[PDB]
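A.B. asks: Just passing along the structure, written as structure tokens.
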Amino acid sequence: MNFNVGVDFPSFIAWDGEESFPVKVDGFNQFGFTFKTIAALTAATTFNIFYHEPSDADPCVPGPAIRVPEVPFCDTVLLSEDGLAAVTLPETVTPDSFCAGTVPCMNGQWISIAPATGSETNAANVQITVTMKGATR
Amino acid sequence: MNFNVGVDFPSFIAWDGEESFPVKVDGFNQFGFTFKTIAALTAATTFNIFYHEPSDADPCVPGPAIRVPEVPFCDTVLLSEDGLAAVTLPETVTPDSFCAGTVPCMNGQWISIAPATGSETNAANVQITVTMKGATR
Amino acid sequence: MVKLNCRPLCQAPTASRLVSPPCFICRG
Amino acid sequence: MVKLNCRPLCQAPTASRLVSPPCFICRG
Amino acid sequence: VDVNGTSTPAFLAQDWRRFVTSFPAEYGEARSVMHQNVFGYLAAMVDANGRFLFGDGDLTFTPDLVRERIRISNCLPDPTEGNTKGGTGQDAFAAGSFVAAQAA
Amino acid sequence: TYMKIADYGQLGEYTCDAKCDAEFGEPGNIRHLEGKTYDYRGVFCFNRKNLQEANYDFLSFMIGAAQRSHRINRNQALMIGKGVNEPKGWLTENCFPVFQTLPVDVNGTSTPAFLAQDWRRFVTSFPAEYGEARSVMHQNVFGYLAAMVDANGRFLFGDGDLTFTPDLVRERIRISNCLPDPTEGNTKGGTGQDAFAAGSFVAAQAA
């Protein structure tokens, strides 16, 4: 007896290894990323986080790709340059072992992920998806 | 405030345009589907749900591809000619609308989706992923 | 048997013209 | 840091140009 | 009606009042049914000057629809195609549309 | 979190008599929902020596300055607030069905206008099976309806008493001065260079 869990926390693909994909997060109030590597990696890979805005022409299409501002908390003591959301999947991460993260402060209309400069070749062997959570829409 | 919704309900890619993927549902106890398109469709579009067994060489590697028999509920009027499960994306689904579905009886260790023969052109435009519900370990 | 359940993500903006009766014009 | 408190000297030559809706009959 | 040489079908308040009182009284009293958008159309009718034809200067026209003998039902053919989207001078009032019924 | 019954199905479809069976209709939907709440905070600084040896009390003025600023900002956000960390307002999300009035001709041109036809057609075009529904509009917008004239010159509302004053609350009107009041200040309702700036929000009506 497995409940239909498509509705009540659906999911969409953000980084299929080849090209990024904006995933609407407006109608939902919570969200998070679930990383997954498909092969053996070489060096520490980092990913840049971006949030978008509704286009002035059509409010159902993406506009530019603005960069999410990184926000620290109580015991954050190693903030990067000027603040930008950039997660780093460490090395020694074999397949069939998923890691997960999220951004504390949502902003904009939807988020998109892209490999940082210097990690694109390794990013071709990883997958990133997002699972929204519940909200009214 | 969004919780880290990747530590439960973790999603994985199932059909990224032109490639199927086995997604382990061993630990997890419940799962569904979340269909989203990326463009307009032309005709109807079907898919063939499968399942696999742990290979004897390694209990953590995909084996062959066996189909899943569709178990009927009450109030069923039609059964597939072979009695095997199949999902059908109805015509006229705009690519800003997610669809949800699931198989009501799990069997095996992981699930895999593939486009039914003769309907692999529109299969490119669809984007399928799989979320989870429980841990059990 | 799969029970597909589908919702739309974004609602398209609507705009209805609130037309009104035109001014009285004689017939003839 | 110098805080510039600022104030005008020409009391109120507003001249709002009040307008009322003119004679509008129909749209025919 | 004829506007600038272009014949367009319309529905004037004169026609309504001519339709209601054209009942064969021998049959008895007869009520009238119509969509809510119709009654919204009559109430917002204006003469050649600018004054309303019904309820002169009260911002709303709502008599009791029992003494007036009219009963509304929101799923009638609704002559205004779409919610209040037909009735202007041109590009409005497709012909052959049902407006209102009346019977014992 | 809360539920929102989306729609019912249809089960009882007419069928023949001479048949010992039936037809399984389709079920409805439930669509469990959720929702959050946002916070409102801030800080200021005072100077011990300055505030102490000062002309009068400055602290209590700031508390009063804080409670009102929260009061007006909340209502302003509650109406037009963008989704991000702010309550989604009913103005900007464009979920309400929104009408628009077609323009009128003048001297061959065509300028956007707001006639007395509209406000009478607008308030009387609302499903009578939703219950009563008040309306909301800015004071200057109501001053536009009052001072309306016909072709001859007589008033359209309250002919010959210099003031309309219709006892608003009797007829589902509630004036508020937060609305965008399409008449800029109290002068945008003209015919020439004072075109009505087509696209502004006049008034809303809802239960």
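Numbering starts fresh at 1 for the residues of each chain in the structure tokens, the chains themselves are lettered A, B, ... in the order given, and ligands are numbered from 1 as they appear.
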What is the Cα root-mean-square deviation, to one decimal place in Å, for chain C superposed on chain D with all Cα atoms matched in order?
C.D. replies: 2.0 Å
A.B. asks: I'd like the neighbourhood of residue 100 in chain E as a ChimeraX atom specification, where a residue qualifies if any of its atoms comes within 9 Å (using only C-alpha atoms), though same-chain residues fewer than 3 positions away should be ignored.
C.D. replies: /E:32-35,38,76-79
A.B. asks: Could you please take those selected residues and save N, CA, C and O atoms as a PDB file, in the first residue's frame?
C.D. replies:
```
ATOM      1  N   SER E  32     -41.028  34.908 -16.149  1.00  0.00           N
ATOM      2  CA  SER E  32     -39.981  34.961 -17.157  1.00  0.00           C
ATOM      3  C   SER E  32     -38.662  34.519 -16.543  1.00  0.00           C
ATOM      4  O   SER E  32     -38.317  34.931 -15.432  1.00  0.00           O
ATOM      5  N   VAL E  33     -37.930  33.681 -17.272  1.00  0.00           N
ATOM      6  CA  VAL E  33     -36.635  33.185 -16.830  1.00  0.00           C
ATOM      7  C   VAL E  33     -35.560  33.696 -17.781  1.00  0.00           C
ATOM      8  O   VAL E  33     -35.793  33.861 -18.984  1.00  0.00           O
ATOM      9  N   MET E  34     -34.378  33.956 -17.226  1.00  0.00           N
ATOM     10  CA  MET E  34     -33.266  34.515 -17.984  1.00  0.00           C
ATOM     11  C   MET E  34     -32.018  34.486 -17.113  1.00  0.00           C
ATOM     12  O   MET E  34     -32.100  34.389 -15.885  1.00  0.00           O
ATOM     13  N   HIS E  35     -30.863  34.573 -17.768  1.00  0.00           N
ATOM     14  CA  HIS E  35     -29.591  34.557 -17.065  1.00  0.00           C
ATOM     15  C   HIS E  35     -29.363  35.882 -16.338  1.00  0.00           C
ATOM     16  O   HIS E  35     -29.951  36.915 -16.670  1.00  0.00           O
ATOM     17  N   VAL E  38     -28.261  38.972 -18.311  1.00  0.00           N
ATOM     18  CA  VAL E  38     -29.266  39.719 -19.059  1.00  0.00           C
ATOM     19  C   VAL E  38     -29.789  40.877 -18.221  1.00  0.00           C
ATOM     20  O   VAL E  38     -29.793  42.031 -18.663  1.00  0.00           O
ATOM     21  N   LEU E  76     -28.413  29.387 -17.987  1.00  0.00           N
ATOM     22  CA  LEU E  76     -29.124  29.558 -19.242  1.00  0.00           C
ATOM     23  C   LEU E  76     -28.152  30.006 -20.323  1.00  0.00           C
ATOM     24  O   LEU E  76     -27.037  30.445 -20.028  1.00  0.00           O
ATOM     25  N   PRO E  77     -28.536  29.892 -21.614  1.00  0.00           N
ATOM     26  CA  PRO E  77     -27.574  30.136 -22.703  1.00  0.00           C
ATOM     27  C   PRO E  77     -26.775  31.434 -22.635  1.00  0.00           C
ATOM     28  O   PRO E  77     -25.760  31.548 -23.330  1.00  0.00           O
ATOM     29  N   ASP E  78     -27.202  32.409 -21.819  1.00  0.00           N
ATOM     30  CA  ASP E  78     -26.387  33.588 -21.533  1.00  0.00           C
ATOM     31  C   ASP E  78     -26.030  34.342 -22.810  1.00  0.00           C
ATOM     32  O   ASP E  78     -24.895  34.231 -23.293  1.00  0.00           O
ATOM     33  N   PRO E  79     -26.978  35.087 -23.396  1.00  0.00           N
ATOM     34  CA  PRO E  79     -26.725  35.747 -24.695  1.00  0.00           C
ATOM     35  C   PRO E  79     -25.379  36.444 -24.793  1.00  0.00           C
ATOM     36  O   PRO E  79     -24.762  36.442 -25.865  1.00  0.00           O
TER      37      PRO E  79
END
```
A.B. asks: Which of range 4-129 of chain A counts as helix (DSSP H, G or I) under DSSP, as an MDAnalysis selection string please?
C.D. replies: chainID A and resid 120:123
A.B. asks: Can I have chain B aligned to chain A? Use a least-squares fit on all Cα atoms paired in order and write it out as a compact mmCIF listing (two decimals) with N, CA and C atoms, in the first residue's frame.
C.D. replies:
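selection.txt, freshly written:
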```txt
# COMPACT_ATOMS: atom_id res chain seq x y z
N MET B 1 1.87 -1.04 0.85
CA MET B 1 0.96 -0.03 0.34
C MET B 1 1.60 1.35 0.29
N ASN B 2 1.77 1.86 -0.92
CA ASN B 2 2.38 3.16 -1.17
C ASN B 2 1.32 4.14 -1.64
N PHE B 3 1.26 5.30 -0.99
CA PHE B 3 0.33 6.33 -1.39
C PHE B 3 0.83 7.03 -2.65
N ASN B 4 -0.09 7.73 -3.33
CA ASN B 4 0.29 8.47 -4.52
C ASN B 4 1.08 9.70 -4.10
N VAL B 5 2.39 9.54 -3.95
CA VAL B 5 3.22 10.55 -3.29
C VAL B 5 3.69 11.54 -4.34
N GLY B 6 3.02 11.55 -5.49
CA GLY B 6 3.29 12.54 -6.51
C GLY B 6 2.31 13.71 -6.50
N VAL B 7 1.21 13.58 -5.76
CA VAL B 7 0.24 14.67 -5.65
C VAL B 7 0.67 15.70 -4.61
N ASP B 8 1.63 15.35 -3.76
CA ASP B 8 2.37 16.30 -2.95
C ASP B 8 3.83 15.89 -3.04
N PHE B 9 4.71 16.79 -2.62
CA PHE B 9 6.16 16.61 -2.76
C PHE B 9 6.54 16.29 -4.20
N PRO B 10 6.09 17.06 -5.19
CA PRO B 10 6.38 16.71 -6.59
C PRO B 10 7.76 17.19 -7.01
N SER B 11 8.53 16.32 -7.66
CA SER B 11 9.90 16.66 -8.02
C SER B 11 10.02 17.01 -9.49
N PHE B 12 11.10 17.71 -9.81
CA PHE B 12 11.41 18.13 -11.17
C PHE B 12 12.92 18.09 -11.37
N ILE B 13 13.33 17.99 -12.63
CA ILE B 13 14.75 17.93 -12.94
C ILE B 13 15.37 19.31 -12.78
N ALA B 14 16.56 19.36 -12.19
CA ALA B 14 17.29 20.60 -12.00
C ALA B 14 18.62 20.65 -12.75
N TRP B 15 19.35 19.54 -12.82
CA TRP B 15 20.61 19.50 -13.56
C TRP B 15 20.77 18.08 -14.10
N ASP B 16 20.37 17.87 -15.36
CA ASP B 16 20.46 16.55 -15.99
C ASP B 16 21.73 16.49 -16.83
N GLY B 17 22.86 16.35 -16.14
CA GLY B 17 24.13 16.18 -16.81
C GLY B 17 24.75 17.44 -17.36
N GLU B 18 24.10 18.06 -18.35
CA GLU B 18 24.69 19.20 -19.05
C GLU B 18 23.66 20.29 -19.34
N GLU B 19 22.58 20.35 -18.57
CA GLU B 19 21.53 21.33 -18.84
C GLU B 19 20.86 21.74 -17.54
N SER B 20 20.78 23.05 -17.31
CA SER B 20 20.07 23.59 -16.16
C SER B 20 18.60 23.78 -16.50
N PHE B 21 17.78 23.89 -15.45
CA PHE B 21 16.34 23.99 -15.64
C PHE B 21 15.71 24.85 -14.55
N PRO B 22 14.93 25.87 -14.92
CA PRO B 22 14.17 26.63 -13.92
C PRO B 22 12.96 25.84 -13.45
N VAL B 23 12.82 25.68 -12.14
CA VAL B 23 11.74 24.92 -11.53
C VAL B 23 10.95 25.84 -10.62
N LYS B 24 9.69 26.07 -10.96
CA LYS B 24 8.87 27.06 -10.26
C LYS B 24 8.62 26.64 -8.82
N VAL B 25 8.95 27.52 -7.88
CA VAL B 25 8.68 27.29 -6.46
C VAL B 25 7.69 28.33 -5.96
N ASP B 26 6.90 28.91 -6.86
CA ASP B 26 5.97 29.97 -6.49
C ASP B 26 4.89 29.48 -5.53
N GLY B 27 4.04 28.56 -5.99
CA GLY B 27 2.99 28.01 -5.16
C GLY B 27 3.54 27.33 -3.91
N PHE B 28 4.46 26.39 -4.12
CA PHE B 28 5.04 25.65 -3.01
C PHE B 28 5.78 26.59 -2.06
N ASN B 29 5.81 26.23 -0.78
CA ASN B 29 6.38 27.10 0.24
C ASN B 29 7.71 26.61 0.82
N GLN B 30 8.14 25.39 0.50
CA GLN B 30 9.37 24.84 1.03
C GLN B 30 9.97 23.89 0.02
N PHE B 31 11.30 23.82 -0.01
CA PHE B 31 12.00 23.01 -1.00
C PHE B 31 13.44 22.79 -0.58
N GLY B 32 14.00 21.66 -1.03
CA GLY B 32 15.39 21.35 -0.80
C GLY B 32 16.07 20.81 -2.05
N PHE B 33 17.21 20.15 -1.88
CA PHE B 33 17.94 19.56 -2.99
C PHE B 33 18.25 18.10 -2.67
N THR B 34 18.52 17.31 -3.71
CA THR B 34 18.88 15.90 -3.55
C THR B 34 19.93 15.58 -4.60
N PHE B 35 21.20 15.55 -4.18
CA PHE B 35 22.31 15.29 -5.08
C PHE B 35 22.62 13.80 -5.14
N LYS B 36 22.70 13.26 -6.36
CA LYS B 36 23.14 11.89 -6.58
C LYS B 36 24.04 11.85 -7.81
N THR B 37 25.16 11.15 -7.69
CA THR B 37 26.11 11.01 -8.77
C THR B 37 25.76 9.75 -9.58
N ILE B 38 26.44 9.55 -10.71
CA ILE B 38 26.18 8.41 -11.58
C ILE B 38 27.46 7.63 -11.79
N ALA B 39 28.58 8.18 -11.32
CA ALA B 39 29.89 7.55 -11.49
C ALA B 39 30.83 8.11 -10.44
N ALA B 40 32.10 7.74 -10.55
CA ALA B 40 33.11 8.25 -9.63
C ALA B 40 33.49 9.68 -9.98
N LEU B 41 34.01 10.40 -8.99
CA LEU B 41 34.48 11.76 -9.17
C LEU B 41 36.00 11.78 -9.31
N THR B 42 36.51 12.94 -9.71
CA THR B 42 37.95 13.15 -9.86
C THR B 42 38.48 14.15 -8.84
N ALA B 43 37.91 15.35 -8.79
CA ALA B 43 38.26 16.37 -7.82
C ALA B 43 36.99 16.86 -7.14
N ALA B 44 37.12 17.92 -6.34
CA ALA B 44 35.95 18.53 -5.73
C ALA B 44 35.05 19.11 -6.82
N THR B 45 33.80 19.40 -6.44
CA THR B 45 32.82 19.88 -7.40
C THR B 45 31.89 20.86 -6.70
N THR B 46 31.79 22.07 -7.24
CA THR B 46 30.96 23.13 -6.69
C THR B 46 29.83 23.47 -7.66
N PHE B 47 28.89 24.27 -7.18
CA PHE B 47 27.74 24.67 -7.97
C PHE B 47 27.30 26.06 -7.54
N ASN B 48 26.68 26.78 -8.47
CA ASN B 48 26.23 28.15 -8.25
C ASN B 48 24.70 28.17 -8.28
N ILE B 49 24.09 28.46 -7.13
CA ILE B 49 22.64 28.59 -7.05
C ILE B 49 22.24 29.96 -7.60
N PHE B 50 21.12 30.00 -8.32
CA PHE B 50 20.62 31.22 -8.93
C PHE B 50 19.14 31.38 -8.62
N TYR B 51 18.56 32.45 -9.15
CA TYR B 51 17.12 32.69 -9.08
C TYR B 51 16.76 33.66 -10.19
N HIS B 52 15.48 33.69 -10.54
CA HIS B 52 15.01 34.50 -11.65
C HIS B 52 13.72 35.21 -11.26
N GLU B 53 13.33 36.17 -12.09
CA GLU B 53 12.12 36.95 -11.92
C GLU B 53 11.20 36.77 -13.11
N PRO B 54 9.89 36.87 -12.91
CA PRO B 54 8.95 36.77 -14.05
C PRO B 54 9.17 37.91 -15.03
N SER B 55 9.42 37.54 -16.29
CA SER B 55 9.67 38.54 -17.32
C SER B 55 8.44 39.42 -17.53
N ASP B 56 8.69 40.66 -17.95
CA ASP B 56 7.59 41.59 -18.20
C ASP B 56 6.75 41.18 -19.39
N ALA B 57 7.36 40.50 -20.37
CA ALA B 57 6.60 40.02 -21.53
C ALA B 57 5.53 39.03 -21.11
N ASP B 58 5.87 38.10 -20.22
CA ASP B 58 4.92 37.10 -19.73
C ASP B 58 5.27 36.77 -18.29
N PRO B 59 4.32 36.87 -17.36
CA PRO B 59 4.64 36.58 -15.95
C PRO B 59 4.86 35.10 -15.67
N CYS B 60 4.88 34.28 -16.71
CA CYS B 60 5.07 32.84 -16.57
C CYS B 60 6.17 32.35 -17.51
N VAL B 61 7.24 33.12 -17.65
CA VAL B 61 8.37 32.73 -18.49
C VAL B 61 9.65 33.15 -17.78
N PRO B 62 10.71 32.34 -17.83
CA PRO B 62 11.96 32.72 -17.16
C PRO B 62 12.55 34.02 -17.71
N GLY B 63 13.12 34.81 -16.80
CA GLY B 63 13.84 36.01 -17.17
C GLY B 63 15.34 35.80 -17.12
N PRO B 64 16.06 36.77 -16.55
CA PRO B 64 17.52 36.63 -16.45
C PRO B 64 17.93 35.67 -15.34
N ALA B 65 19.24 35.53 -15.11
CA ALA B 65 19.77 34.63 -14.10
C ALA B 65 20.55 35.45 -13.07
N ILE B 66 19.94 35.67 -11.91
CA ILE B 66 20.56 36.41 -10.82
C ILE B 66 20.94 35.43 -9.73
N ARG B 67 22.08 35.68 -9.09
CA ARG B 67 22.55 34.81 -8.02
C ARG B 67 21.78 35.07 -6.74
N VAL B 68 22.00 34.22 -5.75
CA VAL B 68 21.34 34.32 -4.45
C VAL B 68 22.40 34.59 -3.39
N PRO B 69 22.29 35.68 -2.63
CA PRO B 69 23.27 35.93 -1.56
C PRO B 69 23.09 34.93 -0.43
N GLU B 70 24.20 34.39 0.05
CA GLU B 70 24.16 33.39 1.12
C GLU B 70 23.96 34.10 2.45
N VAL B 71 22.79 33.90 3.05
CA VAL B 71 22.53 34.45 4.38
C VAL B 71 23.15 33.53 5.43
N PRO B 72 23.99 34.04 6.32
CA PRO B 72 24.63 33.18 7.31
C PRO B 72 23.77 32.96 8.55
N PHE B 73 23.89 31.77 9.11
CA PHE B 73 23.27 31.45 10.38
C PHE B 73 24.14 31.99 11.51
N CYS B 74 23.88 31.53 12.73
CA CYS B 74 24.88 31.60 13.77
C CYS B 74 26.03 30.65 13.43
N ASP B 75 27.07 30.68 14.27
CA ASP B 75 28.21 29.76 14.22
C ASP B 75 28.76 29.57 12.81
N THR B 76 28.94 30.68 12.09
CA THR B 76 29.57 30.66 10.78
C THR B 76 31.01 31.15 10.88
N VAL B 77 31.92 30.43 10.22
CA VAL B 77 33.33 30.74 10.29
C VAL B 77 33.89 31.28 8.98
N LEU B 78 33.28 30.95 7.84
CA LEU B 78 33.75 31.43 6.55
C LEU B 78 32.57 31.83 5.68
N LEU B 79 32.76 32.90 4.91
CA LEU B 79 31.78 33.37 3.94
C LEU B 79 32.45 33.44 2.58
N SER B 80 31.73 33.02 1.54
CA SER B 80 32.25 33.09 0.18
C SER B 80 32.74 34.50 -0.13
N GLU B 81 33.80 34.58 -0.94
CA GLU B 81 34.47 35.85 -1.20
C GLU B 81 33.48 36.92 -1.66
N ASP B 82 32.44 36.53 -2.39
CA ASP B 82 31.43 37.47 -2.86
C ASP B 82 30.16 37.46 -2.01
N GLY B 83 30.04 36.53 -1.07
CA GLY B 83 28.83 36.44 -0.28
C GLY B 83 27.66 35.80 -0.99
N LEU B 84 27.91 35.08 -2.08
CA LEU B 84 26.86 34.41 -2.83
C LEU B 84 26.86 32.93 -2.49
N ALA B 85 25.67 32.33 -2.48
CA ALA B 85 25.53 30.93 -2.10
C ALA B 85 26.24 30.02 -3.09
N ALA B 86 26.67 28.86 -2.59
CA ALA B 86 27.34 27.86 -3.40
C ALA B 86 27.37 26.55 -2.64
N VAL B 87 27.06 25.46 -3.34
CA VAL B 87 27.10 24.11 -2.77
C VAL B 87 28.32 23.40 -3.32
N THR B 88 28.93 22.55 -2.50
CA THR B 88 30.15 21.84 -2.88
C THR B 88 29.99 20.36 -2.57
N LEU B 89 29.99 19.53 -3.61
CA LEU B 89 30.00 18.08 -3.42
C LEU B 89 31.39 17.65 -2.98
N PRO B 90 31.55 17.18 -1.75
CA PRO B 90 32.88 16.81 -1.26
C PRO B 90 33.45 15.64 -2.05
N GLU B 91 34.78 15.61 -2.15
CA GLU B 91 35.46 14.50 -2.79
C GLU B 91 35.15 13.19 -2.06
N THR B 92 35.31 12.08 -2.79
CA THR B 92 35.06 10.73 -2.28
C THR B 92 33.61 10.57 -1.83
N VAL B 93 32.70 10.71 -2.79
CA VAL B 93 31.30 10.36 -2.61
C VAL B 93 30.97 9.26 -3.62
N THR B 94 30.66 8.08 -3.10
CA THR B 94 30.39 6.94 -3.96
C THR B 94 29.03 7.10 -4.64
N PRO B 95 28.90 6.67 -5.90
CA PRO B 95 27.64 6.91 -6.63
C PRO B 95 26.53 5.94 -6.27
N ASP B 96 26.38 5.65 -4.98
CA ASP B 96 25.19 5.00 -4.44
C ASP B 96 24.81 5.66 -3.12
N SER B 97 24.88 6.99 -3.08
CA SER B 97 24.65 7.74 -1.85
C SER B 97 24.12 9.12 -2.23
N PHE B 98 22.94 9.45 -1.72
CA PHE B 98 22.30 10.73 -2.02
C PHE B 98 22.66 11.77 -0.96
N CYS B 99 22.84 13.01 -1.41
CA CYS B 99 23.14 14.13 -0.53
C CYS B 99 22.00 15.14 -0.59
N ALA B 100 21.75 15.80 0.54
CA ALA B 100 20.61 16.70 0.68
C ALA B 100 21.08 18.08 1.11
N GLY B 101 20.40 19.11 0.60
CA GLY B 101 20.74 20.48 0.94
C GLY B 101 19.63 21.41 0.51
N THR B 102 19.73 22.66 0.95
CA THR B 102 18.73 23.67 0.63
C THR B 102 19.26 25.04 1.02
N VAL B 103 18.66 26.07 0.43
CA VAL B 103 18.96 27.45 0.78
C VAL B 103 17.99 27.86 1.88
N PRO B 104 18.45 28.55 2.93
CA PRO B 104 17.57 28.84 4.07
C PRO B 104 16.67 30.05 3.89
N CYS B 105 16.76 30.77 2.77
CA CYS B 105 15.95 31.96 2.57
C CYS B 105 15.57 32.04 1.10
N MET B 106 14.31 31.71 0.80
CA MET B 106 13.84 31.78 -0.58
C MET B 106 13.68 33.23 -1.02
N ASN B 107 13.87 33.46 -2.32
CA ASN B 107 13.72 34.78 -2.90
C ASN B 107 13.56 34.62 -4.41
N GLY B 108 12.57 35.31 -4.97
CA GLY B 108 12.27 35.17 -6.38
C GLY B 108 11.05 34.30 -6.61
N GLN B 109 11.01 33.62 -7.76
CA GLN B 109 9.90 32.74 -8.09
C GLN B 109 10.31 31.32 -8.42
N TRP B 110 11.51 31.10 -8.95
CA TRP B 110 12.01 29.75 -9.18
C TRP B 110 13.52 29.73 -8.99
N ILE B 111 14.05 28.51 -8.86
CA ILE B 111 15.46 28.29 -8.55
C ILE B 111 16.11 27.59 -9.73
N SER B 112 17.43 27.74 -9.84
CA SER B 112 18.20 27.08 -10.88
C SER B 112 19.62 26.87 -10.38
N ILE B 113 20.19 25.71 -10.72
CA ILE B 113 21.55 25.35 -10.32
C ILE B 113 22.40 25.21 -11.57
N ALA B 114 23.66 25.61 -11.46
CA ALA B 114 24.61 25.52 -12.56
C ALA B 114 25.99 25.27 -12.00
N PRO B 115 26.84 24.54 -12.72
CA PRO B 115 28.19 24.28 -12.21
C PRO B 115 29.04 25.54 -12.23
N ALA B 116 29.78 25.75 -11.14
CA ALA B 116 30.71 26.87 -11.08
C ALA B 116 31.80 26.70 -12.13
N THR B 117 32.29 27.83 -12.64
CA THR B 117 33.29 27.82 -13.69
C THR B 117 34.52 27.01 -13.28
N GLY B 118 35.18 26.41 -14.26
CA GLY B 118 36.33 25.57 -14.02
C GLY B 118 36.04 24.23 -13.39
N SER B 119 34.78 23.90 -13.13
CA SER B 119 34.38 22.63 -12.54
C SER B 119 33.18 22.05 -13.28
N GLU B 120 33.24 22.07 -14.61
CA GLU B 120 32.15 21.58 -15.44
C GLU B 120 32.42 20.21 -16.04
N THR B 121 33.58 19.62 -15.77
CA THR B 121 33.85 18.26 -16.24
C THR B 121 33.13 17.23 -15.38
N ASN B 122 33.39 17.26 -14.07
CA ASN B 122 32.68 16.37 -13.15
C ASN B 122 31.19 16.69 -13.11
N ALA B 123 30.81 17.92 -13.46
CA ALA B 123 29.40 18.31 -13.47
C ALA B 123 28.56 17.35 -14.31
N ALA B 124 29.15 16.75 -15.34
CA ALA B 124 28.42 15.78 -16.14
C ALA B 124 27.97 14.59 -15.30
N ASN B 125 28.84 14.11 -14.41
CA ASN B 125 28.56 12.90 -13.65
C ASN B 125 27.53 13.09 -12.55
N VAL B 126 27.17 14.32 -12.21
CA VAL B 126 26.22 14.56 -11.12
C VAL B 126 24.82 14.63 -11.70
N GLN B 127 23.83 14.37 -10.84
CA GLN B 127 22.43 14.35 -11.25
C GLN B 127 21.61 14.98 -10.13
N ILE B 128 21.00 16.13 -10.41
CA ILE B 128 20.37 16.96 -9.39
C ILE B 128 18.89 17.13 -9.73
N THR B 129 18.04 17.04 -8.71
CA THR B 129 16.61 17.29 -8.84
C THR B 129 16.12 18.05 -7.61
N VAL B 130 14.87 18.49 -7.66
CA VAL B 130 14.30 19.37 -6.63
C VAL B 130 12.90 18.89 -6.28
N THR B 131 12.64 18.71 -4.99
CA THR B 131 11.32 18.35 -4.50
C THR B 131 10.69 19.53 -3.76
N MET B 132 9.40 19.38 -3.44
CA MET B 132 8.60 20.46 -2.87
C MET B 132 7.94 19.97 -1.58
N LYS B 133 7.31 20.90 -0.86
CA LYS B 133 6.69 20.52 0.41
C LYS B 133 5.23 20.93 0.55
N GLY B 134 4.87 22.14 0.14
CA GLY B 134 3.54 22.67 0.35
C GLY B 134 2.84 22.98 -0.96
N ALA B 135 1.58 23.40 -0.83
CA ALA B 135 0.78 23.79 -2.00
C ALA B 135 0.41 25.26 -1.99
N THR B 136 -0.26 25.73 -0.93
CA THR B 136 -0.68 27.12 -0.74
C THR B 136 -1.74 27.56 -1.75
N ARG B 137 -2.03 26.70 -2.73
CA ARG B 137 -3.04 26.93 -3.76
C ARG B 137 -2.98 25.80 -4.79
```
A.B. asks: Determine, for each residue of chain F having at least one atom at most 12 Å from an atom of chain B, the closest pair of atoms and their separation in Å to one decimal, counting only C-alpha atoms; order by chain and ascending number, as CSV.
C.D. replies:
```
residue,atom,partner,partner_atom,distance
F:22,CA,B:75,CA,10.5
F:23,CA,B:75,CA,8.7
F:24,CA,B:75,CA,6.2
F:25,CA,B:75,CA,9.1
F:26,CA,B:75,CA,10.1
F:27,CA,B:75,CA,11.6
F:35,CA,B:1,CA,10.6
F:36,CA,B:1,CA,7.9
F:37,CA,B:1,CA,8.8
F:38,CA,B:1,CA,8.5
F:39,CA,B:1,CA,10.4
F:84,CA,B:1,CA,10.9
F:85,CA,B:1,CA,8.8
F:86,CA,B:1,CA,11.8
```
A.B. asks: Tell me which protein, DNA and RNA residues are within 8 Å of residue 27 in chain D, counting only C-alpha atoms, leaving out same-chain ones fewer than 4 positions away, and put them as a list in words.
C.D. replies: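 Skipping anything fewer than 4 positions along the chain leaves residues 22 and 23 of chain C; 88 and 89 of chain E; 103, 104 and 105 of chain F.
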A.B. asks: Those selected residues, please, written with N, CA and C atoms and delivered as a short mmCIF file (atom, residue, chain, number, x, y, z; two decimals), in the first residue's frame.
C.D. replies:
```cif
data_model
loop_
_atom_site.label_atom_id
_atom_site.label_comp_id
_atom_site.auth_asym_id
_atom_site.auth_seq_id
_atom_site.Cartn_x
_atom_site.Cartn_y
_atom_site.Cartn_z
N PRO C 22 -24.70 50.14 -25.82
CA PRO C 22 -24.40 51.43 -26.44
C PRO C 22 -25.59 52.37 -26.29
N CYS C 23 -25.33 53.65 -26.55
CA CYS C 23 -26.37 54.66 -26.40
C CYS C 23 -27.49 54.44 -27.41
N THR E 88 -21.55 45.58 -27.23
CA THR E 88 -21.10 46.89 -27.69
C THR E 88 -21.54 47.10 -29.14
N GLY E 89 -21.12 48.22 -29.71
CA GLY E 89 -21.52 48.61 -31.06
C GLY E 89 -21.19 47.58 -32.13
N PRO F 103 -12.38 52.07 -24.19
CA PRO F 103 -12.28 53.53 -24.23
C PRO F 103 -13.43 54.15 -25.02
N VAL F 104 -13.43 55.48 -25.05
CA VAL F 104 -14.45 56.26 -25.74
C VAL F 104 -13.74 57.20 -26.71
N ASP F 105 -14.48 57.65 -27.72
CA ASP F 105 -13.96 58.56 -28.72
C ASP F 105 -14.08 60.00 -28.24
#
```
A.B. asks: I'd like the interatomic distance between CA of residue 48 in chain F and CA of residue 63 in chain F, to a tenth of an Å.
C.D. replies: 17.2 Å
A.B. asks: Within 9 Å of chain B, which residues belong to chain C? Use only C-alpha atoms and report them as number ranges by chain.
C.D. replies: C: 1-10
A.B. asks: Interatomic distance between CA of residue 133 in chain F and CA of residue 203 in chain F?
C.D. replies: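 A separation of 12.9 Å between them.
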